[PDB]
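Each remark here refers to the structure printed beneath this line.
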Protein chains: 2
Amino acid sequence: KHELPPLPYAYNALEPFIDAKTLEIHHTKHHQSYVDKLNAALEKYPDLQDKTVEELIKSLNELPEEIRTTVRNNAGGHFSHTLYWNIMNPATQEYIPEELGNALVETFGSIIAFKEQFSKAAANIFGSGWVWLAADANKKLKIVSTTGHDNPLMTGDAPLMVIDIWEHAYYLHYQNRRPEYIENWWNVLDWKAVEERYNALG
Amino acid sequence: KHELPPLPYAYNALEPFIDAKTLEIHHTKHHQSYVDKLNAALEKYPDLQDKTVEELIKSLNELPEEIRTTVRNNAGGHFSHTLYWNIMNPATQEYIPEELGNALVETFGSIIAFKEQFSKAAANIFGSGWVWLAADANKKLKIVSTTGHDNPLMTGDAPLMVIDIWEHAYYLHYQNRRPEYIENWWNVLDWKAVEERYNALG
Ligand SMILES: [Fe+3]
Ligand SMILES: [Fe+3]
């Protein structure tokens, strides 16, 4: 049975960039519910309780039709919120590690250029979705926009970082001012965590 | 140039079912934006500036590809928000007009049965979307769920009423408790307006 991972920090630890109430609801209501709903679907097909969230996402078309959609949405949700919590950290002096910084500069023109493109893709999401940094099988980086809780695992890629652009992520403190939310979010991005995932790809 | 119609009632008029702040922002920021965005997409195409939001939606596939998506989304948005404001009114005593009442009973089992199925479809929306009551060429009724600002004009149907299930519609007062928002919304549904649209279909 999958379980809601605790946040690596307190509900009020990302203030003022993300408000405490949101963080608490975002985790204990929105994320919790993806877990609950994933759990209930897999209970009908227990042989799938032994799969990782990621191998579920990558094998959607082999799951029974009955639950395929629930899983795509809810495993997607669980996975995507898990990454989101884990690549944020209480506001720390920005230091980008060399390996990740160099790759960003090589790919986009500079750090600022990547931030701009990422910010812009996030501003341009229509409806509920996410904006990712992701690597392909060959460690090539791209910025990816997705709808719902779809994600790059589905297109055979390795997610490195992501921002939640569902309105629930920012409405209580920013209402419609999503760009202000995106700009604030950079202050709690944990580059160290992003580096870790990058590095692990070898 | 398309314009933002004013609300048919005060910003505080749907309290406590819909809060004033939401109404202000939902209208002056979110709705305004679909208008502004629609206008900007049409700037290069004076031949299309003469068309109604509805004939734009009906002609998506024939529009220039450059703007097809922006129009779908922003005409969709304009149209859908416009109906939404206009099918709400300050909370009064429920009176459902006979023609509409009879059709609902004939189609669903009873009024309560229709409210249940409608409420349920709205509760089960994944992501950003809307739930509609809609009529076909023959005034047969159905409940339709859509994603984004997609809408039943796209399937050749006549929209009668709709509820906005984007999170911005309800997050400030209900946060994650969408069912509570759905339940409260029935109190300000203007059945007379719904009847009027039904009646017009002959
Ligand atoms: Fe979220
Ligand atoms: Fe809306």
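Proteins come first, then strands; the chains are lettered A, B, ... in the order of their sequence lines, and each starts at number 1. Just follow the structure's listing: the first ligand is 1, and inside any ligand the first atom is 1.
- A:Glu43 is linked by a salt bridge (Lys or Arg N to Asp or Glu O under 4.0 Å) to A:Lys1, counting only residues two or more places apart in sequence or in another chain.
- The neighbour count for B:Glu62 CD, taken as heavy atoms of other residues, nucleotides or ligands under 6.0 Å away, is above 12.
- In terms of heavy-atom proximity, A:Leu56 sits nearest to A:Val71 at CB-CG1, 4.2 Å.
- Shown here is A:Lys37, whose NZ atom has no more than 12 heavy atoms of other residues, nucleotides or ligands within 6.0 Å.
- Residues that satisfy the salt bridge (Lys or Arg N to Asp or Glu O under 4.0 Å) test with B:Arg177, not counting sequence neighbours, are B:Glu180.
- Protein atoms of type N, O or S found under 2.8 Å from the Fe ion (ligand 1) total 4.
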Just list the side-chain donor-acceptor pairs under 3.5 Å for residues 125-138 of chain B, sequence neighbours left out, or say none.
{"residue": "B:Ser128", "atom": "OG", "partner": "A:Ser128", "partner atom": "N", "Å": "3.1"}
{"residue": "B:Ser128", "atom": "OG", "partner": "A:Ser128", "partner atom": "OG", "Å": "2.6"}
{"residue": "B:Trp130", "atom": "NE1", "partner": "B:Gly148", "partner atom": "O", "Å": "2.9"}
{"residue": "B:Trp132", "atom": "NE1", "partner": "B:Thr146", "partner atom": "OG1", "Å": "2.9"}
{"residue": "B:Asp136", "atom": "OD1", "partner": "B:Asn138", "partner atom": "N", "Å": "2.8"}
{"residue": "B:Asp136", "atom": "OD1", "partner": "B:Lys139", "partner atom": "N", "Å": "3.4"}
{"residue": "B:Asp136", "atom": "OD1", "partner": "B:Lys140", "partner atom": "N", "Å": "3.1"}

